[PDB]
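Novice: sequence, then structure. It's an experimental one.
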Amino acid sequence: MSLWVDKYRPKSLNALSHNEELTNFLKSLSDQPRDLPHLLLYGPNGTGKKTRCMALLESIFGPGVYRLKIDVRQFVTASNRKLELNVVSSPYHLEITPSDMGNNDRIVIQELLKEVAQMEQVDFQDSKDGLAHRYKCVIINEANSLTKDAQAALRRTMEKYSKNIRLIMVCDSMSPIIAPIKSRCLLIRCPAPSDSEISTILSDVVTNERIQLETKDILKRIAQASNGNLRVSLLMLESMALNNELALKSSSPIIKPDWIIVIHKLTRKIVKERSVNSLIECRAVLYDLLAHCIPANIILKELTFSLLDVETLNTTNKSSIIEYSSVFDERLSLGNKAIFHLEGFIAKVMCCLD
Amino acid sequence: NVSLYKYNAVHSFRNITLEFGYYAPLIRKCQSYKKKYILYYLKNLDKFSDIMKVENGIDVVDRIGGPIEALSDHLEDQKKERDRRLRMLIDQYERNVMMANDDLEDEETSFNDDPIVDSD
Amino acid sequence: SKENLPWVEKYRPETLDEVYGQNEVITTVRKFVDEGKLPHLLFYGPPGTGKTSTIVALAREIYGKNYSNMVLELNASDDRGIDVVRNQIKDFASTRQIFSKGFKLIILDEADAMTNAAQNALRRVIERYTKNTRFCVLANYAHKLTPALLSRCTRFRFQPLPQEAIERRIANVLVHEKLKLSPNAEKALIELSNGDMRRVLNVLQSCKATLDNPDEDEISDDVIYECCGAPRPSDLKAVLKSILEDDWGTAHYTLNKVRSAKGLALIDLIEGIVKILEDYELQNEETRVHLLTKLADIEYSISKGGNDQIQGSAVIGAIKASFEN
Amino acid sequence: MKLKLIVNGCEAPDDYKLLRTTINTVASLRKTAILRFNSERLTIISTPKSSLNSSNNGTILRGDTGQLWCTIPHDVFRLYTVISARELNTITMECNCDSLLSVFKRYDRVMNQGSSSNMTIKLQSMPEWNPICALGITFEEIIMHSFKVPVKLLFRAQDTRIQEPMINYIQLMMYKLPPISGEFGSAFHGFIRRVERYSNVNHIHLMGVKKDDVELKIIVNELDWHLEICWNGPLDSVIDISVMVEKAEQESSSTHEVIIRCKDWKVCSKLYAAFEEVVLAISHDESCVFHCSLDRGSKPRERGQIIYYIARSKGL
Amino acid sequence: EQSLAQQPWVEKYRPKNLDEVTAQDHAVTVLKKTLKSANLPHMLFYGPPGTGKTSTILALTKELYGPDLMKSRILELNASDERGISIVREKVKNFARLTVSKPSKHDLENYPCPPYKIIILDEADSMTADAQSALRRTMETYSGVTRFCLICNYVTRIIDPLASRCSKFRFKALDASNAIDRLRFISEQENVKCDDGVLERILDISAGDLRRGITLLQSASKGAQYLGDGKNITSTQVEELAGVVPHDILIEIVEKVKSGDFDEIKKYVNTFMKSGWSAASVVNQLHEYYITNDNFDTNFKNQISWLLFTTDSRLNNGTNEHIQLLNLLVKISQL
Ligand SMILES: Nc1ncnc2c1ncn2[C@@H]1O[C@H](COP(=O)(O)OP(=O)(O)OP(O)(O)=S)[C@@H](O)[C@H]1O
Ligand SMILES: Nc1ncnc2c1ncn2[C@@H]1O[C@H](COP(=O)(O)OP(=O)(O)OP(O)(O)=S)[C@@H](O)[C@H]1O
Ligand SMILES: Nc1ncnc2c1ncn2[C@@H]1O[C@H](COP(=O)(O)OP(=O)(O)O)[C@@H](O)[C@H]1O
Ligand SMILES: [Mg+2]
Ligand SMILES: [Mg+2]
């Protein structure tokens, strides 16, 4: 069947079970949705932002928002480069991820979204006389990944055509969002669930799946290992249950993403040996990680925080590590090729440790 | 494509690179192994009804991008295989719409109380 | 029709006698046309110094009032690729005059926007048809011009407008309009002009608009500052004094009050303070280094937006640390 | 739920042509069509609100708002055996237009060959598969050719939700188009199809102005030059988050205008070429209705009706 | 009634005429007197987000021409449109060269109808330098029948020749001192009941952006209406809606920084980032706390001001919030 992440996905505002204040605020937003402003939900990845957006859409329109189909929209660049984008559509709303088009994301904003904003939605009234108009809802996934040009192109589209369109953007951090876009949106903070709420959800799933649990401490350990990511918590719960014949025990290992263990091994190697050859081996590991399309900034963050957890290191080493991490994160943001900056960070760490 | 057309689930590419690309294949591989074991036991002979729903040729059970070996026209062929599996997925969903729709709750019992009559 | 025009275009010089601040260049070109020995010309200079006006006036003097018939003018708004150079410019330069009126004139305004290929194609066109045609190039950035083109042209530099020329032009505008300007207002206008006549004319038009009764009201420096929203010298002096003498809290409060009084922008205050400090007598040279580096960094950061209060505190701290040396 | 029907093309060819045109338009307008079989008439409906059509989400992606309704009097069918236990013995189904169109095309081919047989249609329960049934269709070819089409029945609650649009008749201006069979038919047919000469034109602005006492115009402003097309020939005039669409103030009491899409205009042209009596109704900045009427008498008989409602593509 | 209540408050209360524009009188006076002088120059509006530039230009065009004539006298282009060099050299040039359309008798009797068109280039700072250069002589040559209006947030992105050609108008930041009246009028129109000082708090939080303040007020009004208790809105609710870190959390962060233990700071920051607080707001609050504190010396304040400036610049570059925040906190702890 479907993965437990999607199997037990809440489908309504009243079905939510953590961050009750956010649920109440969302319900207040849906009281009079006629004048609903553009929304920008920001929060840690995997906390349930898309789920809450879908719940709000369901409250405004109904369960039909969850009936989703996929279409392919074709775009042509100036150089005639033909490419395609996936548009997820429901009878009441549309879903797009322009960042999938990289530097061409702006085209998606200039051609597709604008057109959607320009075409007023009207329909014959079933009972009353005359047409009826309803604004279209559009969701922009990974808003923080948009290039500055696409964000600039969004401005007048949001303003002029507010009657026909209402945007709901979702992001993990607002730092890459340009100030004009933040000015045009209602900002909604989405806190991560606490360990207790994650454990409660996992225990509910366990009860539903008839999985024998030795003690509830296993769920707490899984929640701790997930670092507040409920999706990861559910995925590891399913993996552990399947690998243990649906009978979890305190001795059952906790499965973590493979790249995370790889980064931990890289950190251990960096701490142990510091030399040019060690740096070349670390570069090989970094290139292997990048081959799997892991973002460079995520790699840098994971490596930095893995290094900071090493007990043998002292305060000065950790301070130098965080300094270098900040500098090279800025370099990555302003750079073109990530390998230079990751290798430079590792070299600086090796110099400071030795 | 497989997820969208078999489980009505939409996931971002970023989440696939980070979480799903490793966890989902492992789960599907474990489910397939359990299904094979159960089938063998039955041949040699409801609780796990969600486990034998995995199709051998349609469900991905391998880590996306291969294993991360770090510290422990192929592209054309892969695209052709992806297009083929997408065609099969579209075929599986094409008939589902006409076959039945959720619509709303109605008096289904009364509908059966007035059955079609065909005779000359 | 001229009344409806903006002052920047309404007061465009029509004759070479109306171009001020370029006495040497103007005299040279006037005598060249008097002797009928015009060479290929390059006019290099910063914005709003009179290059386009000067060249158009020279064309008018050479060809009277029918210059449009034997002058080929091209600028950045037109396409000037290699094909254009090969066909249009070449055909115009290789054809006889309309009525045998001496030589033809080709004006390439804003030639620094032309591509390298077009400039390279222009070399032999300029050289071969020198007898029948003369070329005039205008530029603000010489690094965009190829060495060959620079070598082929006689160079004339349009300096930033001197103060006296600006005063004479302002007097002409004031007599034209029914406008009165105060000496302090004129001094402030010249100071903010930075040698650009366009800025002077635009600010004067805005000041006239600001007057409730321009028929009798006189423009004061306060009117100029209001129209431009720029800080007064007293505000800059007070801010610098507070930064260099008072404590952090007092300096922060003083900066906030001075900015909130008239909604001043931080970049304007930074520029004014930099100008003031450029004349300061510093006995330690590292202070100048730190001031310049930190203030340039703050200006660059401001150019991209950011947090205004943090930037102001950064300016205060940078000045204090630099002067602590 | 017996639905035994007999169709013959050699008797009353007007009815057969009307049915063929209705099925063709519904097939070209949307993938699936609703069929209501009443004790008095058969209604063929193409609406985006149908269960199968709403899946495509045409309304929110391409503005598919037009609604097509066709009424076929029971006199068209030689045998009309419709017995049901609902209001006025009404049986509702949702069929696929492609298969029905293919079957009717084959029937037309056979008829053109020279056969004079009859087509028998019935509702059957296919054991192969809102239960899904089959529309068994059989006919002879001078050889008993039989084909079956899947069909889905609808409940009373589902049937009642599909309602015909109602327009404000008092605030509606109707023009009687010249007959196609008349001397002016070709001129008006060319006039309607004129805008098709411009490939890049997507919207057309229809206007009707009093002062044969009315005139009709088609305006195009999507080109580099303003374009106006005028018909100077004779033309007689017949005497939730939902919000109301904003209507622009009328320029004058005797001018009615509306902006629509070119595809809807092509459909209207096809309808005009199909039928004889055609009426164009305009609701200023609101909608355009194409009404094709077929008249037959014996005690006048029921009037065959085809109504196509088109919502405004843009505001005025 | 529902039709009017179908718009967000920012668009619902967009100024209609130049009289409704607030706090920008230094330029509004000139623009208004242009209606009588008919001597409109080329304009360069520049200023921070949500200060009334687009609203001002739209109101000016409406007052100059009117609902009917505007459609033939105005050409608007913004970032959502293609604005390459070819566009500037063909479409903008063609419109600038267009003959002035004949006003109708009603237009002449009702509106001044100046004898020129207007080309508006909103978000002009997104245009390339070459495309900007392509406008230089088009603006001068056709100034008799066309006037240009460029609008931007970053004036340095406009090439110097274009800035010289255009008369410059700087839109000031809208704060609790110059924009309070408009916000109070908007609240009164919507019958929003709030405690004394709430509007000033909203304006202070918005930091020069009236659009953000209006959106915050609308959110607070929606929350109050949903609650339906009849009580006045409070500053705490406004702060919570605005994403302001609670004072107790900031105090905890300050004590952690004062402790100076790297591991405790790391753990606290890791737990803190789970809530999702925006790093910019935390940095701004820390700057306000430290710079205005009387318990620290001049050297500490200079160093912390430079550190905060560096961190804010890095964040503006679009960096990882967790890393930058941890680095800033560690640096402050080592001071
Ligand atoms: N020397 C001058 N004497 C009088 N007015 C001047 C002078 N230079 C500029 N102006 C004024 O400023 C306007 C613009 O002058 P231009 O000659 O077009 O500027 P420019 O030197 O061409 O700068 P660029 O390179 O085009 S940005 C003229 O129409 C005059 O009103
Ligand atoms: N000066 C002002 N007077 C009245 N309302 C204002 C003012 N400035 C902003 N607003 C409000 O904020 C909304 C947006 O105003 P805009 O004119 O678009 O701001 P802006 O300067 O264009 O912001 P940018 O530069 O596009 S991010 C308006 O519709 C008003 O509701
Ligand atoms: N209140 C809740 N109860 C149960 N599960 C939840 C809840 N909120 C979120 N989830 C789970 O978290 C998973 C990921 O949430 P999602 O919205 O994709 O995170 P993101 O904010 O990164 O989009 C979902 O599969 C969902 O099942
Ligand atoms: Mg010039
Ligand atoms: Mg704007």
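Specialist: Received the coordinates, thanks. Residues are numbered from 1 along each chain as shown, chains lettered A, B, ... in the order given. Ligands and ions are numbered 1, 2, ... in the order given.
Novice: whichever strand or helix holds residue D:258 - contacts with which helices or strands?
Specialist: Using DSSP states H and E, residue D:258 falls within strand D:255-261. With contacts taken as 3 or more Cβ pairs under 8 Å, 6 or more residues apart in numbering or on different chains; DSSP states H and E, strand D:255-261 sits against strand D:203-210, strand D:277-283, strand D:287-294. From N, CA and C alone the C-beta is placed, and that goes for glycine too.
Novice: switch the ones you listed over to TSV; also include mean neighbour count.
Specialist: Below are the helices and strands packed on strand D:255-261 laid out as TSV (neighbours: other Cβ atoms under 10 Å in any protein chain shown):
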stretch	mean neighbour count
strand D:203-210	18
strand D:277-283	20
strand D:287-294	21
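Novice: for residue 199, which non-adjacent residue is spatially closest?
Specialist: You didn't pick a chain, so chain A it is. What sits nearest to residue A:199 in space, not counting adjacent residues and going by Cβ to Cβ, 6 or more residues apart in numbering or on different chains, is residue A:219, at 4.3 Å.
Novice: that's the wrong chain, I wanted chain E
Specialist: In space, residue E:199 comes closest to residue E:183 once its chain neighbours are excluded; the distance is 5.2 Å by Cβ to Cβ, 6+ apart.
Novice: wait, what's in contact with the residue of the stretch 201-325 of chain C at minimum distance from ligand 2?
Specialist: Using Cβ to the nearest ligand atom, the closest approach of the stretch 201-325 of chain C to ligand 2 is made by residue C:305 at 10.8 Å. Applying Cβ atoms under 8 Å, 6 or more residues apart in numbering or on different chains, we find residue C:305 in contact with A:179, E:48, E:153-154, E:316.
Novice: counting by contacts, list what the lengthiest helix in chain B packs against.
Specialist: Looking across chain B with DSSP state H, the single longest helix is helix B:74-99. Judged by 3+ Cβ pairs under 8 Å, 6+ apart, helix B:74-99 is in contact with helix B:2-7, helix D:51-55.
Novice: one more time with 10 Å, if that's ok
Specialist: With contacts taken as 3 or more Cβ pairs under 10 Å, 6 or more residues apart in numbering or on different chains; DSSP states H and E, helix B:74-99 sits against helix B:2-7, helix D:51-55, strand D:150-153.
Novice: quick check: closest non-adjacent residue to the residue located most distally from the centre of chain A.
Specialist: Here chain A reaches farthest from its C-alpha mean at residue A:129, the gap being 44.5 Å by Cα atoms, centre = their mean. Distances taken as Cβ to Cβ, 6+ apart put residue D:168 closest to residue A:129, at 5.0 Å, once the chain neighbours are dropped.
Novice: gap between the one you found and residue C:247?
Specialist: For residue D:168, the distance to residue C:247 equals 75 Å [Cβ to Cβ, to the nearest Å].
Novice: what does residue A:101 give?
Specialist: 54 Å.
Novice: if I've got this straight, residue D:306 is in a strand?
Specialist: Yes: under DSSP: H, G, I helix; E, B strand; the rest coil, residue D:306 falls within a strand.
Novice: report the distance from stretch A:264-276 to the chain centre.
Specialist: Remark: stretch A:264-276 is offset 30 Å from the chain centroid, using Cα atoms, centre = their mean, to the nearest Å.
Novice: and it, anywhere near chain B?
Specialist: Yes: using Cβ under 10 Å from any Cβ of the partner chain, stretch A:264-276 reaches chain B at A:264-266, A:268-269.
Novice: gap between the helix or strand hosting residue E:182 and the chain center?
Specialist: Using DSSP H and E, residue E:182 sits within helix E:180-189. Mean-position distance between helix E:180-189 and its chain equals 18 Å (Cα atoms, centre = their mean).
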